[PDB]
Structures are given as C-alpha cells and as structure tokens.
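Asker: Pasting a structure below so you can have a look.
Numbers and lists here come from the model and the stated rules, or from a named source; no laboratory instrument gave them. Cβ atoms come from the backbone with ideal geometry, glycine included; neighbour counts cover every protein chain shown.
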Amino acid sequence: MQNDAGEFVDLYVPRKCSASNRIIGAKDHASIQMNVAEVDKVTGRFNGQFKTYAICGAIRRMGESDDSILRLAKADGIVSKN
Amino acid sequence: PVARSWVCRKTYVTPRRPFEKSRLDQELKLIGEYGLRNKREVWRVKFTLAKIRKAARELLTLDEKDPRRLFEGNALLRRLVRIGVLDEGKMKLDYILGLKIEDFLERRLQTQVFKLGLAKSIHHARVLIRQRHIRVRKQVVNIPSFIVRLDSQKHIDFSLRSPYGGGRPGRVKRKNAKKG
Amino acid sequence: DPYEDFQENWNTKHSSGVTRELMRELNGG
Amino acid sequence: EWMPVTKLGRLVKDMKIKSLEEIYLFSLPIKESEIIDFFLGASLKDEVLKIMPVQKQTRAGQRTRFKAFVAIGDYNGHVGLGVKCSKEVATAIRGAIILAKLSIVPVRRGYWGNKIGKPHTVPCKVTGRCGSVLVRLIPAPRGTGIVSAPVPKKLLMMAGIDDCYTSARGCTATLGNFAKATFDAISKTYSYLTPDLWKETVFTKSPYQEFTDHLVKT
Amino acid sequence: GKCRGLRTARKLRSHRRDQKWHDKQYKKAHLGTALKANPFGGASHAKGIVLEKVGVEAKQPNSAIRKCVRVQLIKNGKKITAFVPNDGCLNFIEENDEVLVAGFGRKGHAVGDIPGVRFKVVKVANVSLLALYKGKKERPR
RNA sequence: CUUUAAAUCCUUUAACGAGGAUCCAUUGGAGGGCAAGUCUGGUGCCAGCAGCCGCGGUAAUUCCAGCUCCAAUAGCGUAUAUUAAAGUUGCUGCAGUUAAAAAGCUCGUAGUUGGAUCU
C-alpha cells in the first residue's frame, strides 16, 4: 500500500462491502453498488444528492441483502424508525 | 597422528535441474560477456552471493539494535563496499538483497584489464593475465578471477619484465631478429 | 507443417516428436 | 474494425475510460477482448502451455478434439489463463488466446521485509485450489527468484511477481488443474483484507452513471 | 484423530516406530532377511566362475533371446544368472572364467524385459567388457 | 641459485622450445521424461537398445555405423549404501463411506486430557 518513503504502490484500492466489510473482488459479478436518492425535506422531491451502498455477492446469495440495505438506510435516516 | 589440517570446502554447487532451457541460455550469456572457461566458473560466483545473501537474510531477522546485527552487519557491508560491489551511499543491510551476479563478475581482474584499455577484448585480457603481463602495484598476478578492490584498482599496469611494459622483447621477436 | 504433423501423428509412434516440434513452433525460440 | 456491442466497449472506444483499473474497481464483467487489446496491447505476451487431445466416442467412431491451455500476461501487471477446445489446433489456440485475454485479473504485490522500493512479492500467504491440486504462494525476500515448479513459474513470472516461495499438493501432473490452481491464488491477492486496506471506502460514480449522457447519443 | 497433549511423547514415538515396520523400504533394510537372501551380501560387485552360457527368452510384448551367463560366486558359492550387455559380448566369454558382476540398476529387482535377472557382467578375465567391445584391449591368451 | 638434515617439488632466472601451433580432450547422449537429427547406409521381433513408457516383424526419429548436433569438461559413465525429492511414516504434517483401512456391543485399570473462581 505504502512504502517507507510514502508513495502509494498499488494498482487500485478495491471497494468494501458496506454490510460486512469484505473486499469486493475484481470478478465479483454478483456484487452491487446502489444509489438511494436524497430528497428535500419540505417538498419531498429529489434534491440531487444520493447515498451509495455497495454489497458483495455472498451477502446477496445469502438472501441478506434486503435486511442489510434496510439497516444501512435506517442509520442514515432515509428509512424512519419503525 | 600427523601435523596436517584436513579443512577444505567446495566453492560451487551444481543445479538441481541438469537440462533446463533458460538456465543454460542465461549462463552461456554470462560466460560470453565475461569470457569464462566453463559453467563451474559461473556457479562459483552464484555460490558466493548465495552465502552473502544467506548471511544477510539472518541479520535482517534479528532486532535492529542487536549487537550481532550491528557488528556483523557492518563487517559484511564494509567488504562489499571495499571490493566495489556496493556503493558507499547504499550501506544499509537491505541492499545486499539487491545484488546480482554481474556486479561480482565486473570486479574480476580480467574484466578490469579489458575495461581499463589494456586489452582489446575479454579474451585478450585473460590470455594477457595468464602469461604474466599484468601486475597489481608491484605484484604480477596470474589469476583471472582476482577480485580487484576499489583502492587497488588504479594500480594496474603492464608488469615491467614484460614486452608490453619495460620491454625485453619476447622469444618470437628475438628469433626473427636473429634470422634476418 | 508442425500443425498438420501434430494433427496427423499425435496417436502414432512419432507423437512426442511432433508435440515437441509444435511447441517449438508455438513458444518462440 | 471494432464495432463494440456492450455499454462498456462503447465507453472504452470513445476514450471515456482511462485505465483497466476503473473496470476492476467497479468489478464490471468484460465480454469483449478488444477492451484488453485497447488497454494493455503492446505489452501483452502469451505462452501455450499444453496442447491436449481429448476424445469422445461416437456411433460412427470417435471425434478427436484439441484443448489448448494459453496463459497470457503483462509483465508487472496482470495475468490471465484461457482454455479452449476445438477440432483444429490453430483455432483452439486463437480461441484460447481470446478467452485468456478475457479472464485477466490484477495481482497485488507486496514486500517481504521493509518497504523500500517497489513491490516484489505476494502480500501474504495465498492458497489456490482447483480439483485436488493445492498451490500455496509464500512471500520470499528480494532476489530469490521464483522457487516453484515450471508450470506456476510461467504464470507467476507473467504476473510480475519477482520472487516467491511455492508449495504444491495433489496430482500436479494434470497441467490444467495445476495451472488454474495458481491462477486462483494469484487472483486472491486483491481479495485478502490486510490492515492497510482498513480505511473506509469513499465511493465514486460507476462508468455507467458518469457517462449516462454520452451513452444515450449512441 | 491423534493425541496431542503435552505429555504424550511416549505414545507418539512408540506408535511411529511400530508403524515404521509397515513400510516396504524400512522392513527391507532393517530386518535382516533380505540381506541374507542377497547373494552379494550387501556388496556392490562380486566375482564368480562362469559355469555355462545361457539364453534367456524375453517377456511377452517383445521377442528376443537375451544372452546371460550362469555364474557361481567365489565368496559364498551361490549361483547367479547374469546378463552380458552388448552384442557379440557373449563371444568374449569362455567357460570357467573369472568374471566381475555388478547389480543391474533397480537394487535387486529385474530390469525390464529380462525375466528374473538382477545382475550384469562388467569384467571378464580382469579386462572390462567395454574395452573389448570398443577394441581397446584384447582377451589374454 | 634458492629450498632441505641431504635432497626433491614449488618459487626465481640463463639458453632452447608453436601453425593442421599433429605440443590432436574426453565421457556420455540425440522419441519422451531431459538439452540435442522422423539426415544417410546396414538389420528385419533377429542382433540388440531401453532405469520407466517403450524401439525393432523391409521406409527403425530408439539397434549397428558415418556425418551433424547437445550437455559437463581434465574429467565423465556404471554398481551399491544413504539423504533430499517423501505431506509415500505425517511433531510441525497424511489417511480410514465407495480407492489400503473403524474394534459385534457395553463395562473398565494404567496412560493421556480435564469447567468458572481468589488484586
């Protein structure tokens, strides 16, 4: 990653799964990167911003990508409590 | 009970794969660049670097302030700097692992005779050394695998008792002068 | 032709020779 | 002439994507080999490993087909391994070259001791496994070269590993299972989570998102 | 699974040295019956008197007659059939000759085609067969 | 001359000592494993080669020879012991459904191993 002089000696820094911190690999074709739109809090219309969640393929083959998206979006206040 | 000593040691190691293409080619290139006699002359220099690298691989595992690492790590660097294989500014213990065969083969006396303009090929230099035409400061050297040190390098000349130096002319010029 | 030699003789006595000649043709040298 | 058929080949051909590492970062599948020929190209070398005749028995006799195992690699870079079967050896080799370009991965390189210079060995111990054959790559110091069998030595030198230790297990006489096992170990060097990869991933826009206004004109 | 505890050293080494006898290479070289059946008695070479020339017939997937020699050893009086390697090398061998016999390569097993022959001839009348074959020396008179 | 008890050897120096510089490098190989000829003649399941797979039955890439080429080189083949290769003796570190393999069942001595808990 870094040598002693401080250069970055690495082809690229891969993304990590937002649910389980696994490295999403190069040939991980079941993995997801999904934007969830942000709204303006008085019109309920699309502000322009979003909130990016990446989820690896093993979580989706487990069937746990629905709950993981739900608790990631619940922590950002996109899905309200209850 | 005799008053002798039976300590001896081999200087080379034969490779495990006897007919491996891309080893034969690389070693023949190393012969041709430096004018060696056979493959054992290449394996001899592979053996000294493999011992030097094994000696530095174990010092690099000790503690950085350990007395053996500081003491034998500084003697091992001093010898490589002295025979001209390392650089002066590269005197950390990790650059020993970045040494190569050609760095040692440059410091043979045969390549130094060729590179100082005394000879005109790498094969004229070996045959100049072997028949007593080259000296180092006072001393005629016969040995092509003489590892020249960095301070005894500019004292290489033509050995005053040779026709190319002080110059009593040789056996062949003398006979041709006697003939006509 | 090393390709045709290989495809004709891969089962015969001369299979290893045509294999070596095909590999010589393929991997440079 | 390359008329690209995917969303990615249209972006690669129109200079919108500047490296292969963007496609690797978003883990997009690569379905055209001309993307690889566009990016690596002039520094991409191949080696045929074995031409393997296989035989199916039929009602009329037996059809003999030929299996080519082609390893391709950019030295210091990337490495791929393709296998193609065909009734003709030249078409098998050309199809295996395409299929080897198609399956090209990046390999992460690391340091044995202190991190002085450029990376030269595997970042940690990685095991690859393919059909009874286990291949394990162990990091080695600067300058030992590859200490391996002659089959993983090809793939490892093509991947750009300067020097490595190796240990095999199983029936390594099957050159197919012995080549794909080391390819599985080389492809694991980026999937291993080491403490320098512990930072939070700032996300960027996918190429299908950033160039959504260029892709609608075509 | 195997015992692993800190005081299991007697169980571990007495099991290994009892399972070591189930190996063919250990049982051969540590029992003593195979050394008493070896006619050389562990030597690399031996010397015997040629009793008769003997033609041995090759095994089935090929066909020839291998030119062996029945020789009775000097040091223990055991009898041995031994193979004479190159062609026209049985012509160099008389009877009641001093002969030097080596092993045949597989350390007591019969090398490929010749059935049940563990030995080969190296010298005859204290001249090597290679010197006779390449015409460097002649048989003494 | 020097060396040595006296000598020899080496080292040092006279004179002589090279052109096919005949002042001549060999041992094993050339299908694969494994670097290097499906060139040429002889042989015709014979003679033989081949550690192993195999070659040889009238076109032999494998025998017997010539020529060429390969490897190591003042060294290089063969036999036998032994070590690595052997994670095929396994402590690190193997295996036991079907490939070799788990006891008919329960009891039970030694051995081995033994739950938290005290500044």
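Asker: Of the conditions (1) surrounded by 14 or more Cβ atoms within 10 Å (Cβ to Cβ); (2) under 23 Å from residue D:199 (Cα atoms), residue A:20 fails just one. Which one is it?
Answerer: (1)
Asker: Do we find that residue E:112 is closer than 19 Å to residue E:41 by Cα and assigned to a loop (DSSP other than H, G, I, E, B) in this structure?
Answerer: For residue E:112, the condition - closer than 19 Å to residue E:41 by Cα and assigned to a loop (DSSP other than H, G, I, E, B) - is not met.
Asker: Restricting to region B:45-68, count the residues that are within 16 Å of RNA strand F (Cβ to nearest atom) and either more than 20 Å from residue B:95 (Cβ to Cβ) or of a type in the set (A, V, I, L, M) (or both).
Answerer: 2
Asker: Turning to a different aspect of this structure: Please return the ranges of helices (runs of 4 or more DSSP H) entirely within region B:16-118 where 1 or more residues are out of contact with any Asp or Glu (no Cβ under 7 Å at 6 or more places or on another chain) and within 14 Å of chain D (Cβ to nearest Cβ).
Answerer: B:24-34, B:40-59, B:67-82, B:101-105
Asker: Taking region D:73-98, which residues are more than 13 Å from chain C (Cβ to nearest Cβ) and not in a loop (DSSP other than H, G, I, E, B)?
Answerer: Across region D:73-98, the qualifying residues are D:73, D:78, D:79, D:80, D:81, D:82, D:83, D:84, D:85, D:95, D:98.
Asker: Keeping to region C:7-26, report how many residues are closer than 16 Å to residue D:67 by Cα and more than 9 Å from RNA strand F (Cβ to nearest atom).
Answerer: Adding up the residues that qualify gives 5.
Asker: Also, I was wondering about something else. Looking at region D:20-79, which of its residues are hydroxyl-bearing (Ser, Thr, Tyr), touching a helix residue (DSSP H, G or I) at 6+ places or on another chain (Cβ under 8 Å) and under 26 Å from residue D:119 (Cα atoms)?
Answerer: The one that is hydroxyl-bearing (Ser, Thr, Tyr), touching a helix residue (DSSP H, G or I) at 6+ places or on another chain (Cβ under 8 Å) and under 26 Å from residue D:119 (Cα atoms): D:75.
Asker: So, one more: Quickly run through region D:156-210 and pick out the residues that are farther than 19 Å from residue D:81 by Cα and hydrophobic (A, V, I, L, M, F, W, C).
Answerer: D:164, D:171, D:193, D:197, D:198, D:202, D:203
Asker: Can we say residue A:47 is outside any loop (DSSP other than H, G, I, E, B), within 13 Å of another protein chain (Cβ to nearest Cβ) and either in contact with a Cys (Cβ under 8 Å, 6 or more places away or on another chain) or under 20 Å from residue D:210 (Cβ atoms) (or both)?
Answerer: Spelling it out, it is not the case that residue A:47 is outside any loop (DSSP other than H, G, I, E, B), within 13 Å of another protein chain (Cβ to nearest Cβ) and either in contact with a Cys (Cβ under 8 Å, 6 or more places away or on another chain) or under 20 Å from residue D:210 (Cβ atoms) (or both).
Yes/no per residue for (1) in contact (Cβ under 8 Å) with a residue 60 or more places away in the chain; (2) farther than 23 Å from residue D:47 by Cβ; (3) in the same structural domain as residue D:47 (by CATH):
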| residue | (1), (2), (3) |
| --- | --- |
| D:118 | no, yes, no |
| D:121 | no, no, no |
| D:139 | no, yes, no |
| D:145 | no, no, no |
| D:154 | yes, no, no |
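Asker: Tell me, which helices (runs of 4 or more DSSP H) lie completely within region D:141-218 with 3 or more residues that are under 15 Å from the mean Cα position of the chain (by Cα)?
Answerer: D:150-159, D:175-186
Asker: Then there's this: Please identify the pairs in which a residue from region B:21-44 that is within 9 Å of RNA strand F (Cβ to nearest atom) has its Cβ atom under 6 Å from the Cβ atom of a residue that is aromatic (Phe, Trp, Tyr), counting only partners at least 6 apart or on another chain.
Answerer: From residues that are within 9 Å of RNA strand F (Cβ to nearest atom), the pairs are B:40/B:12; B:43/B:12.
Residues are listed down the side, and each one gets a yes or a no for (1) surrounded by 13 or more Cβ atoms within 10 Å (Cβ to Cβ); (2) more than 14 Å from RNA strand F (Cβ to nearest atom):
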site	(1), (2)
B:96	yes, yes
B:103	yes, yes
B:127	yes, no
B:149	yes, yes
B:154	no, yes
B:161	yes, no
B:169	no, no
